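**Student:** Requesting a structural model of the entry that follows:
(chains A, B, C and D, ligands or ions: 4)
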Amino acid sequence: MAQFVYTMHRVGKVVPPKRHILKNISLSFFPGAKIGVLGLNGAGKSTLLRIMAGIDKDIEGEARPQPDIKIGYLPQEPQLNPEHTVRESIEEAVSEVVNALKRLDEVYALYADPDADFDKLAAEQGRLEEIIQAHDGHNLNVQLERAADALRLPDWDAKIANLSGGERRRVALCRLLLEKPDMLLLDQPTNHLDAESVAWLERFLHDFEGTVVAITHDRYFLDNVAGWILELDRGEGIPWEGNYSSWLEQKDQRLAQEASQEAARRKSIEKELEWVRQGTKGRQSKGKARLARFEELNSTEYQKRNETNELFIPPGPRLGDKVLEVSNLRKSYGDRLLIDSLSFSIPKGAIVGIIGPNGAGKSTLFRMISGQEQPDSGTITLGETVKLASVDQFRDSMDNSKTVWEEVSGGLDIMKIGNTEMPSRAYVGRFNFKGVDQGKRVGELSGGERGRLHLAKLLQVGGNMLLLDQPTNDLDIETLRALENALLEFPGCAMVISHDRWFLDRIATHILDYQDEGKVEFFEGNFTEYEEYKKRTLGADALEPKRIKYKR
Amino acid sequence: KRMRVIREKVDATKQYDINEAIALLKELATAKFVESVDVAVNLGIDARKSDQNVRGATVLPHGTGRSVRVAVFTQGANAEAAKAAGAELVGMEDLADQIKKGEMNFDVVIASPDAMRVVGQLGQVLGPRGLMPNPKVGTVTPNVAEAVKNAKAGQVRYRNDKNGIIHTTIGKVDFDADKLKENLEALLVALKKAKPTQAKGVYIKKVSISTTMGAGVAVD
Amino acid sequence: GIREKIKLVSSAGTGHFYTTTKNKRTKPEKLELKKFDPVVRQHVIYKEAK
RNA sequence: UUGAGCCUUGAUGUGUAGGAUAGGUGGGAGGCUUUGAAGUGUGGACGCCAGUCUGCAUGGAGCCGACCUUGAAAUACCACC
Ligand SMILES: Nc1ncnc2c1ncn2[C@@H]1O[C@H](COP(=O)(O)OP(=O)(O)OP(=O)(O)O)[C@@H](O)[C@H]1O
Ligand SMILES: Nc1ncnc2c1ncn2[C@@H]1O[C@H](COP(=O)(O)OP(=O)(O)OP(=O)(O)O)[C@@H](O)[C@H]1O
Ligand code: NA
Ligand code: NA
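**Tutor:** Residues are numbered from 1 along each chain as shown, chains lettered A, B, ... in the order given. Ligands and ions are numbered 1, 2, ... in the order given. I have put the structure below:
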């Protein structure tokens, strides 16, 4: 509290044209502080974290850490090379000690042979001693084993490309945490993680010693890990002390006050306009000073914007009473099997929430359902009146080299969505992408806008069978409620995979819960009465965690 | 009991000098043991930085008071030299693995000037315990018979802690205080010669003089 | 005026730079061209910077 | 009545396996208690809940080292924490 671990004095940032993502930000973070970073999508939280981590440099103002603290930055989406396995990916982050052991082999060669035995070896071994002493050195195997067991990492020899999403994010988290930092900046740490891993992560962060700055959209995780909240409304960060519940009321009151002040400013502007339009009435003044003071009163106002509250899911073709029936489904990859002895039939106008632990067959189910894999048993019969639209976890297919118009529309001013046709500009603007925004490069974009454009790109086939694979990844709560509304008037059928119990509680009509040993429970109803069914077939047990450690 | 007595007997809130309490420490012969010396050294220096780690050896006129055993686990004639000049046991390169697995104990590190078919276990077997002969510290040298000085000088491994703490023996208290002085000067000389380039504040912070069950009086 | 001024630093290690403009909206990529460096009298690749 | 220090003094630190809450190298072997037990009650804080730490009592004395079945070893003062 006496000193600070990071400081920023009047840090501004300008994007193309003239928009101030950040301006006049003067904040200092003390050691032992945990800070949440709330705000709308597009506010600039990721930009601020990049500036804090040092990758972003072209700014205005001062930004400074203390002169030796170790910084660990986790971005919006990590980049991994698919060729590596888990062991190779981890050894890429602990390469230096492995290199030191290889140099031990080299030195043992030079010392077993009388050439270069002492003349060019003693001064060279300074680093060889230093790396092994500073790090764990020969303790690397056991420390890595303990870390993998504590994170529940996948097997050491699994290909990254064949790894799932949650496992991929866990591998990225391990690579981050091996290089023990003191400053810890995380951009949506709980993105593809399940409840168990989220609980472990929040407990670890609460028990942490250094300082943490986390971009969050989960109120519960924020309230369980953070001490205070940065806001970043529009170029202005508002450090608020307290919890989420009070900050919500503070934000609503602030918005109401700004609305009132804007209305008063409009009143004054129109009154002074009605004065300006008057005459002179003789050889009198008309008041050049008043004229200048009126012209100064056009300081412009930034509309809150983003604030998505409506989404467009196009209508599909008329759907019959045989939608999807699977009978005796079975799948395995080698010895480990995902699904076995699974069967169900889906009626009309249903939303099916699919839940389970990380890496359990949820995405493989969709790959089967839409012609991409092959079950070990078979008999996944679709209907004859079914048109399928799919949305997957990773936004990798599209290229980061096209504007939003050229990507979604394909360069055509008319867009025939299913049956009818709509102008491409209007269709893309229905997803909160106005005329100015329709020129932005996809690589020059935010995470939430990336997800929105993914949805708008793949929902244009007009089919009445939605297969959504975690579409609530990096969407703010306003767009989340927009999707919650838009998913209820859509007359077709939807199957949504999501780890957000609160999101699925609103819209789920059927449940697909995964369990151990390849059990895929099918239940009819929402979570509220699913809990009652469980309490009818009740089993009581509360010993959930282990919560061990990372290192000794 | 007498531990509670020495609690009040030592008042380390007050600063002494380099030899102001040697008599008061010799007054701690009441404890039933041979009461070896385990002086502790703390400096003003960072130790997390990788480059500032210190490792080496030194000598003292009276010896450490312990029998340093540096077995000749080498090839050639270093084992023969040690067998008459201070070799705990002779181990050929075709038997070093067995000689380590069975009885690898030794007061000092192993000896291998040129017969170095393996550094030892490749996995901290020969380097984890600190048995790797590092010429940069002083373990390696071109003198075959010079390894006798390892047992004839009480050369000590300059182990480094995560907070730069050095614990070393000074020729157990059987040697008089006027003999402890000529070891104190030597250890300070070696400590200055082991100074890192990156320094700040005061180059030495605090030294604690004590015995095994004794109390740590400040040096200042 | 939507184009902002940018400078093409010299990668030859010397301090020398040209100055041009670039629409950071349509082209967010980093420019690089082989231009002339009078300090070294050789053609070296210049990369953009603030 | 309180905050921030700053010196001490205690108290704490539970991956898989081994005796089992099992921090960094000591220096090293036995110190320790009987100034009254290993145990049985007895109030508190922690807990990952098996326990250690402790006020506590008519009563009251051998526990741990010693042997490593481990990546690391035996809650054995003081260590500059
Ligand atoms: N070259 C650019 N042209 C236009 N806008 C840009 C450009 N570069 C960045 N931006 C804007 O910067 C804003 C900051 O987004 P950023 O990636 O920092 O994440 P964010 O606003 O915190 O949200 P999230 O990561 O949750 O989506 C984005 O809304 C984006 O539109
Ligand atoms: N082609 C493949 N080869 C080998 N293993 C595979 C292959 N496809 C999938 N797997 C394995 O099956 C699982 C696939 O992940 P899955 O789609 O079940 O994700 P999930 O963990 O259920 O969900 P989430 O996407 O939310 O992380 C992983 O365990 C992965 O190792
Ligand atoms: Na980011
Ligand atoms: Na998946």
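**Student:** Any idea how far the lengthiest helix in chain B is from the middle of the chain?
**Tutor:** Taking DSSP state H as the criterion, chain B has its longest helix at helix B:177-193. Centroid displacement of helix B:177-193 relative to its chain, using C-alpha atoms, centre = their mean, to the nearest Å, is 13 Å.
**Student:** same deal with stretch B:53-69?
**Tutor:** Centroid separation for stretch B:53-69 versus its chain: 5 Å, with C-alpha atoms, centre = their mean.
**Student:** quick revisit: by contact count, what packs against the longest helix of chain B?
**Tutor:** In terms of contacts (3 or more C-beta pairs under 8 Å, 6 or more residues apart in numbering or on different chains; DSSP states H and E), helix B:177-193 is packed against helix B:22-26. Where C-beta positions appear, they are placed from N, C-alpha and C, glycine not excepted.
**Student:** And RNA strand D, is the helix it packs on touching that?
**Tutor:** No. Helix B:22-26 lies out of reach of RNA strand D by C-beta under 7 Å from any atom of the strand, never closer than 10.3 Å.
**Student:** List the buried residues of that helix.
**Tutor:** Using 16 or more other C-beta atoms under 10 Å in any protein chain shown as the test for burial, helix B:22-26 gives B:22, B:25.
**Student:** heading toward the C-terminus, what's the first helix or strand past it?
**Tutor:** Reading on from helix B:22-26 to the C-terminus, the next helix or strand found by DSSP states H and E is strand B:39-42.
**Student:** what distance separates that following strand from the centre of its chain?
**Tutor:** Distance, stretch centre to chain centre, for strand B:39-42: 12 Å (C-alpha atoms, centre = their mean).
**Student:** Then stretch A:168-183?
**Tutor:** 17 Å.
**Student:** what's that stretch in contact with?
**Tutor:** Applying C-beta atoms under 8 Å, 6 or more residues apart in numbering or on different chains, the external contacts of stretch A:168-183 come out as A:5-6, A:65, A:69-74, A:78, A:80, A:86, A:89-90, A:92-94, A:147-148, A:151-154, A:160, A:163, A:189, A:191-193, A:197, A:201, A:210-211, A:213, A:358, A:550-551.
**Student:** can you narrow those to ones near ligand 4?
**Tutor:** Among the contacts of stretch A:168-183, not one lies near ligand 4 by C-beta under 5 Å from the ion.
**Student:** and those, which of them are in strands?
**Tutor:** Taking DSSP state E as the definition of strands, the contacts of stretch A:168-183 contribute A:6, A:65, A:71-74, A:211, A:213.
**Student:** Need those residues in a markdown table (columns: neighbour count).
**Tutor:** Formatted as a markdown table, the ones in strands among the contacts of stretch A:168-183 follow (neighbours: other C-beta atoms under 10 Å in any protein chain shown):
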| residue | neighbour count |
| --- | --- |
| A:6 | 21 |
| A:65 | 18 |
| A:71 | 16 |
| A:72 | 19 |
| A:73 | 18 |
| A:74 | 23 |
| A:211 | 21 |
| A:213 | 24 |
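**Student:** Redo the residues you listed as a markdown table? Include distance to ligand 2.
**Tutor:** Listed next are these as a markdown table, based on distance: C-beta to the nearest ligand atom, whole Å:
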| residue | distance to ligand 2 |
| --- | --- |
| A:6 | 33 |
| A:65 | 34 |
| A:71 | 28 |
| A:72 | 23 |
| A:73 | 23 |
| A:74 | 17 |
| A:211 | 30 |
| A:213 | 26 |
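**Student:** Closest to the centroid, which residue in chain A?
**Tutor:** Per C-alpha atoms, centre = their mean, the C-alpha nearest to the average position across chain A is that of residue A:474, at 3.9 Å.
**Student:** Skip the chain neighbours and tell me the closest residue to that one.
**Tutor:** residue A:447 (4.0 Å; C-beta to C-beta, 6 or more residues apart in numbering or on different chains).
**Student:** hang on, that neighbour packs against residue A:45?
**Tutor:** No. Assessed by C-beta atoms under 8 Å, residue A:447 is found out of contact with residue A:45, at 9.8 Å.
**Student:** Look at the two and report which has more neighbours.
**Tutor:** For the pair residue A:447 and residue A:45, the greater number of neighbours falls to residue A:45 (29 against 22), based on other C-beta atoms under 10 Å in any protein chain shown.
**Student:** Show the contacting residues for the more buried one.
**Tutor:** A:37, A:39, A:187, A:215, A:232.
**Student:** Name whatever forms a beta bridge with the first one.
**Tutor:** Read that as residue A:37. Counting by DSSP bridges, residue A:37 forms beta bridges with residue A:215, residue A:230.
**Student:** Same question for the third one.
**Tutor:** When bridges are assigned using DSSP bridges, the partners listed for residue A:187 are residue A:215.
**Student:** Can you tell me how far the residue nearest to residue A:474 is from residue A:186?
**Tutor:** 13 Å (C-beta to C-beta, to the nearest Å).
**Student:** Next: residue A:340.
**Tutor:** 37 Å.
**Student:** could I have stretch A:142-156 exported to CSV, CA atoms only?
**Tutor:** Coordinates of the C-alpha atoms in stretch A:142-156 are reproduced here as CSV (Å, rounded to 0.1, in the frame of the first residue of the first chain):
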residue,chain,number,x,y,z
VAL,A,142,8.5,-33.8,-10.9
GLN,A,143,7.5,-30.2,-10.9
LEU,A,144,5.9,-30.6,-14.4
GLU,A,145,4.1,-33.8,-13.2
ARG,A,146,2.7,-32.0,-10.2
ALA,A,147,1.6,-29.0,-12.3
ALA,A,148,-0.1,-31.3,-14.8
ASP,A,149,-1.9,-33.3,-12.1
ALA,A,150,-3.0,-30.1,-10.4
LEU,A,151,-4.4,-28.6,-13.6
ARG,A,152,-5.9,-31.9,-14.9
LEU,A,153,-4.0,-31.4,-18.2
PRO,A,154,-4.6,-33.9,-21.0
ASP,A,155,-2.1,-36.7,-21.6
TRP,A,156,1.4,-35.7,-22.5
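**Student:** For stretch A:69-76, what is the distance to the chain centroid?
**Tutor:** The mean C-alpha position of stretch A:69-76 is separated from the chain mean by 16 Å, C-alpha atoms, centre = their mean.
**Student:** before we move on, what about stretch A:274-290?
**Tutor:** The answer for stretch A:274-290 is 57 Å, by C-alpha atoms, centre = their mean.
**Student:** for stretch A:370-377, same thing?
**Tutor:** The answer for stretch A:370-377 is 30 Å, by C-alpha atoms, centre = their mean.
**Student:** Any chance you could note which residues of chain A sit beside RNA strand D?
**Tutor:** Counting by C-beta under 7 Å from any atom of the strand, the residues of chain A near RNA strand D are A:1-2, A:139, A:142, A:145-146, A:149-150, A:543, A:545-549, A:552.
**Student:** Please check those residues and keep the buried ones.
**Tutor:** A:139, A:146, A:150.
**Student:** between these, which is nearest residue A:54?
**Tutor:** Using C-beta to C-beta, residue A:150 is the member of these that lies nearest residue A:54, at 28.9 Å.
**Student:** phi, psi of the residue nearest to that closest one when sequence neighbours are not counted?
**Tutor:** Spatially, and ignoring its direct neighbours in sequence, residue A:150 is nearest to residue A:548 (5.0 Å; C-beta to C-beta, 6+ apart). Dihedral pair for residue A:548: phi -90, psi -80, per degrees, to the nearest 10.
**Student:** Tell me how far residue A:548 lies from ligand 1.
**Tutor:** Per C-beta to the nearest ligand atom, to the nearest Å, residue A:548 is found 32 Å from ligand 1.
**Student:** any idea how far residue A:86 is from that residue?
**Tutor:** 19 Å.
**Student:** now, the most widely separated pair of the residues of chain A next to RNA strand D?
**Tutor:** A:2 and A:543 (41.4 Å).
**Student:** and the most centrally placed residue in chain C, helix, strand or coil?
**Tutor:** Central residue of chain C (C-alpha atoms, centre = their mean): residue C:8, 1.6 Å from the mean position. Classification of residue C:8 using DSSP: H, G, I helix; E, B strand; the rest coil returns strand.
**Student:** Which parts of the stretch 451-552 of chain A are strands?
**Tutor:** For the stretch 451-552 of chain A, the strands defined by DSSP state E, counting those that start in this stretch cover A:465-469, A:493-497, A:510-514, A:520-524.
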